[PDB]
Amino acid sequence: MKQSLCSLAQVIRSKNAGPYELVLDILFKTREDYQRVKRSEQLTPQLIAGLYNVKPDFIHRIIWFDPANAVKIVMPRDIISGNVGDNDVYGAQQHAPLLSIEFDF
Amino acid sequence: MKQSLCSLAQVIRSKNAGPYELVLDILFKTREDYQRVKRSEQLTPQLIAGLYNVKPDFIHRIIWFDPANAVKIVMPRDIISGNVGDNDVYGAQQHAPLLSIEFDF
Amino acid sequence: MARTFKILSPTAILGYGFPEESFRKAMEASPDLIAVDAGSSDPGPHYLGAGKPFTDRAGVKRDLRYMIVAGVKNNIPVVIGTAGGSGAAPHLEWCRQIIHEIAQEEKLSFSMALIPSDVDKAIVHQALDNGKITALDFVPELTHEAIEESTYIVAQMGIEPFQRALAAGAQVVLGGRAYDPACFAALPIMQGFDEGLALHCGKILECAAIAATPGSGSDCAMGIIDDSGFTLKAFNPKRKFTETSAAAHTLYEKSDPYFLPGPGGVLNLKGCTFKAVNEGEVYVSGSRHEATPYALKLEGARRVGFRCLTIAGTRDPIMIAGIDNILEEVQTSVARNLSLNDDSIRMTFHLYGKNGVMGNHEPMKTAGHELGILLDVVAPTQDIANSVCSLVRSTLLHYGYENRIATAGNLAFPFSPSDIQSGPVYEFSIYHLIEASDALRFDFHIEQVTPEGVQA
Amino acid sequence: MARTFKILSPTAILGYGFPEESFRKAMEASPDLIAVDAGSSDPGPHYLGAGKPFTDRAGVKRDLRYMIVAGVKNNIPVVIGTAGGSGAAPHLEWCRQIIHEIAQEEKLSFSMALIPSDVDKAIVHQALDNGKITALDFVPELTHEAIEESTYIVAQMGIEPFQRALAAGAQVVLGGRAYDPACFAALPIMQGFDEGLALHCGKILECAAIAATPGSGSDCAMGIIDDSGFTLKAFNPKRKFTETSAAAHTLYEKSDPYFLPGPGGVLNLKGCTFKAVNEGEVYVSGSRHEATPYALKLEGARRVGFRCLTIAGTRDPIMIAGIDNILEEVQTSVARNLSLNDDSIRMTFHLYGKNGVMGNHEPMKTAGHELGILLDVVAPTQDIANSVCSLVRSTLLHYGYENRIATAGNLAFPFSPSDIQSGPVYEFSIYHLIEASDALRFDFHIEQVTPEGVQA
Ligand SMILES: Nc1ncnc2c1ncn2[C@@H]1O[C@H](COP(=O)(O)OP(=O)(O)O)[C@@H](O)[C@H]1O
Ligand SMILES: Nc1ncnc2c1ncn2[C@@H]1O[C@H](COP(=O)(O)OP(=O)(O)O)[C@@H](O)[C@H]1O
Ligand SMILES: [Cl-]
Ligand SMILES: [Mg+2]
Ligand SMILES: [Mg+2]
Ligand SMILES: [Mg+2]
Ligand SMILES: [Mg+2]
């Protein structure tokens, strides 16, 4: 069987990092779960890009923050916060695609 | 034989009749089908009231307009058009419960 | 009368527009009358109460340019009911100024009749005490306080005021609040065509091509009245009149399709027939009219407070599933923080995607993957409405609901600023019949419009 | 010499509120500083650009009354960053007047420092030409035109201006736009506490109880800095700090949790640790601060047009299924009817219940039973935005979509009027670093507030 991200994470969320960037934070329930996800090499830009309907090179960084058993995904907002046509000025409700993630482990 | 109202009706709609009343119009493609529905006595205030989550006595009138092969259901609006708390000032999108109606012929 | 009378209705409400080609083709049919409804009560009480149009000035001016140029060029009267959306004095003056601008831009000169429908409060007060007011179905009993606290009060005129203006030679007739069929029917009736058929034809034409199929609120229709019935047609190959579309519009917005009441009588449609004719046209026959003691319907609205609102989406399934309780907890939190002890503050939520349209009557009890959360606060002052709306917004934004995993914020706002001050809120206060009297007579005034303004 | 420094953060943004009991319990801990963030760029560019608050005046006043009464009564400094939501000159003045009113009503006298953050356009023009401007990640290169067309331009101050005001004796420090951790860290740093610990503590405290769990934008938090770390606590038995909640707020709103840049240096968090201690508290250690050449972040916005919007639901499954094509056809109709010819007229739809929140990134491709249709038009003038929005609204209301059976109208409006004019629209225009210079030095000025005002 596969392990869902939801079963492993305490926090799965989005927010702006300034008007030009969207960050996704995942904080894991335990260090062991964080290390097994990190070791698996399954949380890739290709995976995130496909979930968000963006090209992999649109994902700017995936940062593995060891002190907090956390991963931060950073991508460019394709609509600057507050620009005409925006959907989410604060960048606060863009996390849902991450909820479908399952790890093959 | 179960037969859906949708398969028989050219028009199924709501609109205000002034600020205080909601009317539901059902117009049939054929006189043959209108008469079959009318003579079946299955389109009752009890049926409509249950579909709309109101008491049978809330239904004011069901009017069988033979020259148009049409039936009109009349109810008071429980929120006067434009009152604080309204959901549909023109009364234009209150028809959906009728779409589930099935007759037995 | 003799042979036929052709009525062109260009659009459902003046200002909604229409294809230029449809209007051109309609004019090639040589109408005897260009008539249009310019207003309605459906858009709610704000427009009458605040004296504002629900239609667009540029749209109204655009549509009227076509109509007035055509009417004046071909000696066809142009008749408009419920000028300016609601047909009170400010709505009538608003449309009158548009027409002056058209005459100055197109270098036209014509006579224009204005027919106000405003009713002074003293007349209504006196009629109430004299037993001459009757509430319509489900309308509360009128009180003196309701009269006094209303703003503009108007009466829906019937055919007779239009006829007097037309008989005096008016080339354009700009009526205040009017019974919709009367705009269309007044002229053919004074020329000898049957009152029942003319009024029924006016009813079916009242929204132009909404009576055709597929419908449009922005396309032309014509009724051709003869001595035995009337023929209905559109001027767009994409649209047709059918027995169902024409009968649908007889039922449109009425509480009894057999009996349509208005000022001076009731249309009795028990003996009607709708019959497809030609290609894409319908012939209607058998309509009749029953005179009644003459009475007029009054409309009025009153101010009830001020509104501030915000809109924002949520995409989180835990928040969506728990949303009803979350909103209750947010309201409790705000009441405590601002020490709100006012029963006259009203907070309303619309949860689009679950029950925003039907409220308690929505049959589906579960939302999908997304909700649009619309919040509005109505309070006695704009400042209070703003304060409550702002605190609900920021409290909901960061509310720590049970099992939350998306912990940086709960709401996707489309706009900066997130809160929108929408201003005064009105509610209907008068919707009542009044017995006709000399004091309620609608009198016309004709002015001569020229390219340089009104000329004495 | 004190071995600990206690910082009370009352609420996430000044004005968001907090339970009176939480603040009372926090004061019992005898803080050495009451500090709060009053502003943010997250609410979007309207607030800086138009000079307006995203918080509520009554809410800000309610919150400040607790804080200033407590600070003056206990000789505890009160430090506020990004006064008035955005921290430009009008926002600073707005918050300043609120404080004067509190002093009058509470019969208090105290010294207050004002630290403006406004930057004259000439300084930014000169810095651009001199090569002293750097764009942050993904920000467009700055141009002279963008500088000239912005309105208020502000620089985010660091600890140093706060420290100078505090050293001068100010009991209340009201700073303009400011780096959020600096509000909290300035005082302990000048008292000798570790820069890294103090700034990291300020970062975790920047939103008060958003760093606790369950979180709240409207609840209090305290950080206690000692010689070896800092401890975080809440004051609500329903909330607590956990290792995850505190670390989450280290990540909150940042592009790289290992390196948090600000004016004068970078917080290097590679060595940080989070340790649950006692009951519902967390001890944080290992934070390091590394100096960098001093630069300030500038913020600025420019007006791009004017907006009018409408909101309405649809409940019909045929309309919902075909909505995307319907909206394209409605826009085409309106453009032809109004003869539209300006690519600057932008019509935006949000379909709540389908893709209102995520747009083209929404993974779910099918709506449910209901949509909330939010339409907004941004145009070069308010009159054009109002006119296009009106025609889109009435055209969509009566559009004859394929296979339509609900033929009397397509939209459920919650409000009268249906259209809401929302006014000028701004977009960010400056989000760039500028090298420090004498001309960019922040000045403070102290005034003596009394119940009668500020003399002279
Ligand atoms: N004199 C009257 N007597 C009775 N009912 C009237 C009278 N005048 C108006 N009404 C009522 O008000 C309605 C007005 O409809 P209409 O003129 O089509 O207005 P709208 O512009 O709002 O569509 C009529 O259908 C009828 O119910
Ligand atoms: N001097 C600076 N050098 C580099 N980046 C800066 C500087 N000042 C501000 N920033 C950036 O701007 C952000 C401002 O964050 P913060 O002060 O918390 O603002 P907000 O009030 O918008 O929450 C920082 O996290 C950083 O990304
Ligand atoms: Cl303008
Ligand atoms: Mg009308
Ligand atoms: Mg009508
Ligand atoms: Mg801030
Ligand atoms: Mg911040």
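Residue numbering restarts at 1 for every chain, and letters A, B, ... go by the order of the sequence lines. Whatever order the structure lists ligands and atoms in, that order sets their numbers, starting from 1. Values reported hereafter were calculated over all heavy atoms of this structure, with side chains retained and with hydrogens, waters and symmetry mates removed.
Side-chain contact, B/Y90 with B/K15: no donor N or O sits under 3.5 Å from an acceptor N or O. In this structure, a donor-acceptor pair under 3.5 Å is present between the side chains of D/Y294 and D/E160. Side-chain contact check for D/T250 and D/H200: at least one donor-acceptor pair (N or O, by modelled atom type) lies under 3.5 Å.
Using the six-membered ring where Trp is involved, D/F54 and D/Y16 have ring planes that are perpendicular, over 60° apart on the 30 and 60° scheme. Ring geometry for D/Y258 against A/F65 counts as perpendicular: the plane angle is over 60°, on a 0 to 90° scale with 30° as the lower cut. In this pair, A/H60 and D/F138 present their aromatic rings perpendicular. The plane angle is above 60°, beyond the 30 to 60° band.
Between the choices D/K254, A/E21, D/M157, the shortest heavy-atom distance to atom 24 (C) of ligand 2 belongs to D/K254. Of the listed options D/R177, D/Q156, D/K297, D/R177 places a heavy atom closest to atom 22 (O) of ligand 2. Nearest residue to atom 20 (P) of ligand 2 from D/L260, D/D180, D/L298, D/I434 is D/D180 (criterion: closest heavy atom). Compare A/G18, D/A178, D/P261 by their heavy atoms: the one nearest to atom 27 (O) of ligand 2 is in D/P261.
Near D/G39, meaning under 4.0 Å from one of its heavy atoms, ligand 2 places the atoms 21 (O). Listed by number with element, the atoms of ligand 2 under 4.0 angstrom from any heavy atom of D/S41 are 22 (O). Near D/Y179, with a cut-off below 4.0 Å to any heavy atom, the atoms of ligand 2 are 17 (O). Numbered from 1 in the order shown, with element, the atoms of ligand 2 that lie under 4.0 Å from a heavy atom of D/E253 read 23 (O). Of all atoms in ligand 2, listed by their number and element, those nearer than 4.0 Å to a heavy atom of D/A295 are 1 (N). Residue D/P263 approaches ligand 2 through these ligand atoms, each under 4.0 Å from one of its heavy atoms: 1 (N), 2 (C), 8 (N). When each atom of ligand 2 is checked for a heavy atom of D/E206 under 4.0 Å away, the hits are 18 (O).
Counting only heavy atoms of the protein, atom 2 (C) of ligand 2 lies nearest to D/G262 C, 3.6 Å. At the top of the distance list for atom 4 (C) of ligand 2, counting protein heavy atoms only, stands D/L433 CD2, 3.7 Å.
Looking only at distances, a side-chain donor or acceptor of A/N16 sits under 3.5 Å from a matching main-chain atom of A/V89. The main-chain N or O of D/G300 is found under 3.5 Å from a side-chain atom of D/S429 such that the two form a donor-acceptor pair.
For the pairing with D/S86, the side chain to side chain contact (heavy atoms under 4.5 Å, CB included) check across D/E299, D/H91, D/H46 returns one residue only, D/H91.
Inclusion of D/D37 in the first shell of the Mg ion (ligand 7) is not supported: no N, O or S atom falls under 2.8 Å. C/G39 lies close to the Mg ion (ligand 4), since one of its N, O or S atoms is found at a distance under 2.8 Å. In summary, D/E253 places no N/O/S atom under 2.8 Å from the Mg ion (ligand 7), failing the contact criterion.
The shortest non-hydrogen separation linking D/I80 to D/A38 is CG2-CB, 3.7 Å.
In summary, A/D86 and A/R77 engage in a salt bridge, as defined by a charged side-chain N under 4.0 Å from a carboxylate O.
Take the N/O/S atoms of D/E206: the one nearest the Mg ion (ligand 7) is OE1. Among the heteroatoms counted here (N, O or S) of D/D180, OD2 is the one nearest to the Mg ion (ligand 7).
Ligand 2 lies out of reach of D/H432, whose nearest heavy atom is not under 4.0 Å from it. Taking a 4.0 Å cut-off on heavy atoms, D/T82 fails to register as neighbouring ligand 2.
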